>>> print(open('my_file_12.cif').read())   # mmCIF, C-alpha atoms; chains and numbers go by the auth columns
data_input
#
loop_
_atom_site.group_PDB
_atom_site.id
_atom_site.type_symbol
_atom_site.label_atom_id
_atom_site.label_comp_id
_atom_site.label_asym_id
_atom_site.label_seq_id
_atom_site.Cartn_x
_atom_site.Cartn_y
_atom_site.Cartn_z
_atom_site.B_iso_or_equiv
_atom_site.auth_seq_id
_atom_site.auth_asym_id
ATOM 1 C CA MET A 1 0.000 0.000 0.000 0.00 1 O
ATOM 2 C CA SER A 2 1.237 3.476 -0.926 0.00 2 O
ATOM 3 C CA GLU A 3 0.005 6.922 -1.963 0.00 3 O
ATOM 4 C CA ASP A 4 1.139 9.572 -4.445 0.00 4 O
ATOM 5 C CA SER A 5 3.474 12.493 -3.744 0.00 5 O
ATOM 6 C CA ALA A 6 2.685 14.947 -6.540 0.00 6 O
ATOM 7 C CA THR A 7 0.978 17.518 -4.317 0.00 7 O
ATOM 8 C CA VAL A 8 2.662 20.683 -3.049 0.00 8 O
ATOM 9 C CA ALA A 9 1.206 23.965 -1.795 0.00 9 O
ATOM 10 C CA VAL A 10 2.549 27.260 -3.138 0.00 10 O
ATOM 11 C CA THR A 11 2.773 30.787 -1.733 0.00 11 O
ATOM 12 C CA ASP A 12 0.647 33.774 -2.744 0.00 12 O
ATOM 13 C CA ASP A 13 3.676 35.956 -3.473 0.00 13 O
ATOM 14 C CA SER A 14 5.475 33.118 -5.257 0.00 14 O
ATOM 15 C CA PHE A 15 2.337 31.889 -7.019 0.00 15 O
ATOM 16 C CA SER A 16 2.610 33.430 -10.487 0.00 16 O
ATOM 17 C CA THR A 17 6.380 32.930 -10.458 0.00 17 O
ATOM 18 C CA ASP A 18 5.750 29.215 -9.946 0.00 18 O
ATOM 19 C CA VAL A 19 2.586 28.590 -11.965 0.00 19 O
ATOM 20 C CA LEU A 20 3.380 30.978 -14.816 0.00 20 O
ATOM 21 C CA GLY A 21 7.044 30.054 -14.495 0.00 21 O
ATOM 22 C CA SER A 22 6.222 26.375 -14.947 0.00 22 O
ATOM 23 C CA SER A 23 5.414 25.763 -18.614 0.00 23 O
ATOM 24 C CA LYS A 24 3.853 22.474 -17.516 0.00 24 O
ATOM 25 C CA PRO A 25 0.164 22.311 -16.507 0.00 25 O
ATOM 26 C CA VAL A 26 -0.535 23.362 -12.919 0.00 26 O
ATOM 27 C CA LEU A 27 -3.787 23.124 -10.961 0.00 27 O
ATOM 28 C CA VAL A 28 -4.703 25.265 -7.954 0.00 28 O
ATOM 29 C CA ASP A 29 -7.639 25.103 -5.541 0.00 29 O
ATOM 30 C CA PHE A 30 -8.847 28.055 -3.469 0.00 30 O
ATOM 31 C CA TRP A 31 -10.136 27.412 0.051 0.00 31 O
ATOM 32 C CA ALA A 32 -10.340 28.935 3.530 0.00 32 O
ATOM 33 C CA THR A 33 -8.314 27.560 6.440 0.00 33 O
ATOM 34 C CA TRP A 34 -11.461 27.848 8.555 0.00 34 O
ATOM 35 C CA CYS A 35 -13.637 26.367 5.809 0.00 35 O
ATOM 36 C CA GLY A 36 -16.774 24.674 7.098 0.00 36 O
ATOM 37 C CA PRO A 37 -17.347 21.807 4.640 0.00 37 O
ATOM 38 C CA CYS A 38 -13.866 20.341 5.089 0.00 38 O
ATOM 39 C CA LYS A 39 -15.015 16.725 5.339 0.00 39 O
ATOM 40 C CA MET A 40 -17.513 16.963 2.480 0.00 40 O
ATOM 41 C CA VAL A 41 -14.581 17.833 0.218 0.00 41 O
ATOM 42 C CA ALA A 42 -11.850 16.231 2.324 0.00 42 O
ATOM 43 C CA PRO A 43 -11.414 12.974 0.363 0.00 43 O
ATOM 44 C CA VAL A 44 -12.439 14.650 -2.895 0.00 44 O
ATOM 45 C CA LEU A 45 -9.314 16.799 -3.170 0.00 45 O
ATOM 46 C CA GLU A 46 -7.333 13.697 -2.209 0.00 46 O
ATOM 47 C CA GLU A 47 -8.698 11.387 -4.906 0.00 47 O
ATOM 48 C CA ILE A 48 -8.743 14.275 -7.380 0.00 48 O
ATOM 49 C CA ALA A 49 -5.154 15.199 -6.529 0.00 49 O
ATOM 50 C CA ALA A 50 -3.952 11.664 -7.251 0.00 50 O
ATOM 51 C CA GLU A 51 -6.360 11.131 -10.148 0.00 51 O
ATOM 52 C CA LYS A 52 -4.670 13.601 -12.495 0.00 52 O
ATOM 53 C CA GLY A 53 -1.695 14.161 -10.211 0.00 53 O
ATOM 54 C CA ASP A 54 0.571 12.413 -12.705 0.00 54 O
ATOM 55 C CA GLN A 55 -0.680 14.545 -15.596 0.00 55 O
ATOM 56 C CA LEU A 56 -0.386 17.796 -13.644 0.00 56 O
ATOM 57 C CA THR A 57 0.485 19.135 -10.191 0.00 57 O
ATOM 58 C CA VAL A 58 -2.380 19.978 -7.838 0.00 58 O
ATOM 59 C CA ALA A 59 -1.988 22.611 -5.123 0.00 59 O
ATOM 60 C CA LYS A 60 -4.128 24.703 -2.776 0.00 60 O
ATOM 61 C CA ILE A 61 -4.090 28.312 -1.577 0.00 61 O
ATOM 62 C CA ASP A 62 -4.450 29.797 1.905 0.00 62 O
ATOM 63 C CA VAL A 63 -7.220 32.382 2.248 0.00 63 O
ATOM 64 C CA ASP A 64 -5.416 33.465 5.415 0.00 64 O
ATOM 65 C CA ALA A 65 -2.783 35.113 3.221 0.00 65 O
ATOM 66 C CA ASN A 66 -5.370 36.570 0.842 0.00 66 O
ATOM 67 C CA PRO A 67 -8.306 37.508 3.110 0.00 67 O
ATOM 68 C CA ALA A 68 -9.215 40.425 0.846 0.00 68 O
ATOM 69 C CA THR A 69 -10.908 37.831 -1.362 0.00 69 O
ATOM 70 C CA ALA A 70 -13.250 36.274 1.199 0.00 70 O
ATOM 71 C CA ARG A 71 -13.600 39.470 3.231 0.00 71 O
ATOM 72 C CA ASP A 72 -14.806 41.063 -0.007 0.00 72 O
ATOM 73 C CA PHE A 73 -18.162 39.288 0.242 0.00 73 O
ATOM 74 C CA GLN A 74 -17.772 38.252 3.881 0.00 74 O
ATOM 75 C CA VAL A 75 -17.192 34.613 2.941 0.00 75 O
ATOM 76 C CA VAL A 76 -15.894 32.096 5.479 0.00 76 O
ATOM 77 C CA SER A 77 -15.515 29.199 3.044 0.00 77 O
ATOM 78 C CA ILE A 78 -14.416 29.640 -0.569 0.00 78 O
ATOM 79 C CA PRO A 79 -14.440 26.080 -1.973 0.00 79 O
ATOM 80 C CA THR A 80 -13.264 26.875 -5.502 0.00 80 O
ATOM 81 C CA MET A 81 -10.935 25.174 -7.981 0.00 81 O
ATOM 82 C CA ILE A 82 -9.070 26.782 -10.879 0.00 82 O
ATOM 83 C CA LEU A 83 -6.894 25.131 -13.527 0.00 83 O
ATOM 84 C CA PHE A 84 -3.784 26.744 -15.010 0.00 84 O
ATOM 85 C CA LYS A 85 -2.199 25.585 -18.268 0.00 85 O
ATOM 86 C CA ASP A 86 0.862 27.166 -19.881 0.00 86 O
ATOM 87 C CA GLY A 87 0.821 29.898 -17.251 0.00 87 O
ATOM 88 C CA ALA A 88 -2.705 30.827 -18.308 0.00 88 O
ATOM 89 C CA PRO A 89 -6.308 30.158 -17.202 0.00 89 O
ATOM 90 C CA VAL A 90 -7.923 27.110 -18.802 0.00 90 O
ATOM 91 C CA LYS A 91 -10.673 26.132 -16.364 0.00 91 O
ATOM 92 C CA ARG A 92 -12.498 27.505 -13.322 0.00 92 O
ATOM 93 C CA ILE A 93 -15.056 25.698 -11.166 0.00 93 O
ATOM 94 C CA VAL A 94 -16.748 26.846 -7.958 0.00 94 O
ATOM 95 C CA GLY A 95 -18.784 24.783 -5.516 0.00 95 O
ATOM 96 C CA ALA A 96 -17.732 22.254 -2.888 0.00 96 O
ATOM 97 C CA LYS A 97 -19.583 19.258 -4.324 0.00 97 O
ATOM 98 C CA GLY A 98 -18.880 15.569 -4.854 0.00 98 O
ATOM 99 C CA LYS A 99 -15.674 14.449 -6.551 0.00 99 O
ATOM 100 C CA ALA A 100 -17.845 13.801 -9.606 0.00 100 O
ATOM 101 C CA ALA A 101 -17.909 17.567 -10.125 0.00 101 O
ATOM 102 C CA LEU A 102 -14.206 18.350 -9.748 0.00 102 O
ATOM 103 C CA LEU A 103 -13.507 15.250 -11.840 0.00 103 O
ATOM 104 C CA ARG A 104 -14.942 17.103 -14.836 0.00 104 O
ATOM 105 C CA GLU A 105 -11.893 19.364 -14.571 0.00 105 O
ATOM 106 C CA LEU A 106 -9.634 16.583 -15.851 0.00 106 O
ATOM 107 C CA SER A 107 -12.296 15.494 -18.340 0.00 107 O
ATOM 108 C CA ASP A 108 -12.371 18.961 -19.899 0.00 108 O
ATOM 109 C CA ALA A 109 -8.742 19.963 -19.356 0.00 109 O
ATOM 110 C CA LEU A 110 -7.562 16.546 -20.540 0.00 110 O
#
>>> encode(input="my_file_12.cif", output="structure tokens")
Amino acid sequence: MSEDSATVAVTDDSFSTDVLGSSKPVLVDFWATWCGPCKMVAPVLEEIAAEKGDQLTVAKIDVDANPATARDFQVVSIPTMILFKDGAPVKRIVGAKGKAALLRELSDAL
């Protein structure tokens, strides 16, 4: 038994430099450290991260660093997922739902 290791979180300041800097396809998911529905989408991100983890790298952001986003509309949980290909936007989904939803990301992106 063993799991994958193609998941690494990036920094807000060193986000573009990494994503845009990496010609390869990179996926990022926005969420709040104090997010409510953590379990509902707990395993999802896991299976989804390993699903297309080999094809591309999956990472997550920390609302704590960028509160201006959530604070904008007084949001406590921002369960969103955005895909980045060639240092540019390719996909963008919002809504902490079943893995079936996020899965579409790989279906459309790949």
>>> residues_around(input="my_file_12.cif", residues="region 74-78 of chain O", least_positions_apart="6", cutoff="8 Å", atoms="only C-alpha atoms", output="PyMOL selection string")
chain O and resi 30-32+34-37
>>> closest_residue(input="my_file_12.cif", among="O:10, O:1, O:106, O:93", to="residue 61 (chain O)", atoms="all atoms listed in the file")
O:10
>>> resolve_selection(input="my_file_12.cif", expression="the PyMOL selection byres ((chain O and resi 6) around 12)", output="PyMOL selection string")
chain O and resi 3-5+7-9+26-27+46+48-59
>>> resolve_selection(input="my_file_12.cif", expression="the PyMOL selection byres ((chain O and resi 99) around 8)", output="number ranges by chain")
O: 41, 44-45, 47-48, 97-98, 100-103
>>> atom_distance(input="my_file_12.cif", atom1="CA of residue 60 (chain O)", atom2="CA of residue 40 (chain O)")
16.3 Å
>>> closest_residue(input="my_file_12.cif", among="O:87, O:79, O:43, O:95", to="residue 22 (chain O)", atoms="all atoms listed in the file")
O:87
>>> residues_around(input="my_file_12.cif", residues="residue 85 (chain O)", least_positions_apart="6", cutoff="9 Å", atoms="only C-alpha atoms", output="list in words")
residues 19, 20, 23, 24, 25, 26, 27, 91 and 109 of chain O
>>> axis_aligned_box(input="my_file_12.cif", around="region 81-94 of chain O", padding_each_side="6 Å", output="lines of an AutoDock Vina configuration file")
center_x = -7.9
center_y = 28.0
center_z = -13.9
size_x = 29.6
size_y = 17.7
size_z = 23.9
>>> closest_residue(input="my_file_12.cif", among="O:2, O:69, O:80, O:107", to="residue 28 (chain O)", atoms="all atoms listed in the file")
O:80
>>> closest_residue(input="my_file_12.cif", among="O:70, O:81, O:38, O:65", to="residue 104 (chain O)", atoms="all atoms listed in the file")
O:81
>>> atom_distance(input="my_file_12.cif", atom1="CA of residue 68 (chain O)", atom2="CA of residue 42 (chain O)")
24.4 Å
>>> atom_distance(input="my_file_12.cif", atom1="CA of residue 64 (chain O)", atom2="CA of residue 21 (chain O)")
23.7 Å
>>> decode(input="my_file_12.cif", residues="region 11-106 of chain O", atoms="C-alpha atoms", output="CSV table (one decimal), in the first residue's frame")
chain,number,residue,atom,x,y,z
O,11,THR,CA,2.8,30.8,-1.7
O,12,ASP,CA,0.6,33.8,-2.7
O,13,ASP,CA,3.7,36.0,-3.5
O,14,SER,CA,5.5,33.1,-5.3
O,15,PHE,CA,2.3,31.9,-7.0
O,16,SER,CA,2.6,33.4,-10.5
O,17,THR,CA,6.4,32.9,-10.5
O,18,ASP,CA,5.7,29.2,-9.9
O,19,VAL,CA,2.6,28.6,-12.0
O,20,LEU,CA,3.4,31.0,-14.8
O,21,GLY,CA,7.0,30.1,-14.5
O,22,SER,CA,6.2,26.4,-14.9
O,23,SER,CA,5.4,25.8,-18.6
O,24,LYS,CA,3.9,22.5,-17.5
O,25,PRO,CA,0.2,22.3,-16.5
O,26,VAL,CA,-0.5,23.4,-12.9
O,27,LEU,CA,-3.8,23.1,-11.0
O,28,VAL,CA,-4.7,25.3,-8.0
O,29,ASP,CA,-7.6,25.1,-5.5
O,30,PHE,CA,-8.8,28.1,-3.5
O,31,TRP,CA,-10.1,27.4,0.1
O,32,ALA,CA,-10.3,28.9,3.5
O,33,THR,CA,-8.3,27.6,6.4
O,34,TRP,CA,-11.5,27.8,8.6
O,35,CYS,CA,-13.6,26.4,5.8
O,36,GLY,CA,-16.8,24.7,7.1
O,37,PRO,CA,-17.3,21.8,4.6
O,38,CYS,CA,-13.9,20.3,5.1
O,39,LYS,CA,-15.0,16.7,5.3
O,40,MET,CA,-17.5,17.0,2.5
O,41,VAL,CA,-14.6,17.8,0.2
O,42,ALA,CA,-11.9,16.2,2.3
O,43,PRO,CA,-11.4,13.0,0.4
O,44,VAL,CA,-12.4,14.6,-2.9
O,45,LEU,CA,-9.3,16.8,-3.2
O,46,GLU,CA,-7.3,13.7,-2.2
O,47,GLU,CA,-8.7,11.4,-4.9
O,48,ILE,CA,-8.7,14.3,-7.4
O,49,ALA,CA,-5.2,15.2,-6.5
O,50,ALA,CA,-4.0,11.7,-7.3
O,51,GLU,CA,-6.4,11.1,-10.1
O,52,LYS,CA,-4.7,13.6,-12.5
O,53,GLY,CA,-1.7,14.2,-10.2
O,54,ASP,CA,0.6,12.4,-12.7
O,55,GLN,CA,-0.7,14.5,-15.6
O,56,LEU,CA,-0.4,17.8,-13.6
O,57,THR,CA,0.5,19.1,-10.2
O,58,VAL,CA,-2.4,20.0,-7.8
O,59,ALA,CA,-2.0,22.6,-5.1
O,60,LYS,CA,-4.1,24.7,-2.8
O,61,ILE,CA,-4.1,28.3,-1.6
O,62,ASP,CA,-4.5,29.8,1.9
O,63,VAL,CA,-7.2,32.4,2.2
O,64,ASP,CA,-5.4,33.5,5.4
O,65,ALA,CA,-2.8,35.1,3.2
O,66,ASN,CA,-5.4,36.6,0.8
O,67,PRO,CA,-8.3,37.5,3.1
O,68,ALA,CA,-9.2,40.4,0.8
O,69,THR,CA,-10.9,37.8,-1.4
O,70,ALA,CA,-13.2,36.3,1.2
O,71,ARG,CA,-13.6,39.5,3.2
O,72,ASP,CA,-14.8,41.1,0.0
O,73,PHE,CA,-18.2,39.3,0.2
O,74,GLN,CA,-17.8,38.3,3.9
O,75,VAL,CA,-17.2,34.6,2.9
O,76,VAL,CA,-15.9,32.1,5.5
O,77,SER,CA,-15.5,29.2,3.0
O,78,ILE,CA,-14.4,29.6,-0.6
O,79,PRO,CA,-14.4,26.1,-2.0
O,80,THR,CA,-13.3,26.9,-5.5
O,81,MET,CA,-10.9,25.2,-8.0
O,82,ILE,CA,-9.1,26.8,-10.9
O,83,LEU,CA,-6.9,25.1,-13.5
O,84,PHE,CA,-3.8,26.7,-15.0
O,85,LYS,CA,-2.2,25.6,-18.3
O,86,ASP,CA,0.9,27.2,-19.9
O,87,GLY,CA,0.8,29.9,-17.3
O,88,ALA,CA,-2.7,30.8,-18.3
O,89,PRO,CA,-6.3,30.2,-17.2
O,90,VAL,CA,-7.9,27.1,-18.8
O,91,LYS,CA,-10.7,26.1,-16.4
O,92,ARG,CA,-12.5,27.5,-13.3
O,93,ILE,CA,-15.1,25.7,-11.2
O,94,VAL,CA,-16.7,26.8,-8.0
O,95,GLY,CA,-18.8,24.8,-5.5
O,96,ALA,CA,-17.7,22.3,-2.9
O,97,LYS,CA,-19.6,19.3,-4.3
O,98,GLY,CA,-18.9,15.6,-4.9
O,99,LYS,CA,-15.7,14.4,-6.6
O,100,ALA,CA,-17.8,13.8,-9.6
O,101,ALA,CA,-17.9,17.6,-10.1
O,102,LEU,CA,-14.2,18.3,-9.7
O,103,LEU,CA,-13.5,15.3,-11.8
O,104,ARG,CA,-14.9,17.1,-14.8
O,105,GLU,CA,-11.9,19.4,-14.6
O,106,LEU,CA,-9.6,16.6,-15.9
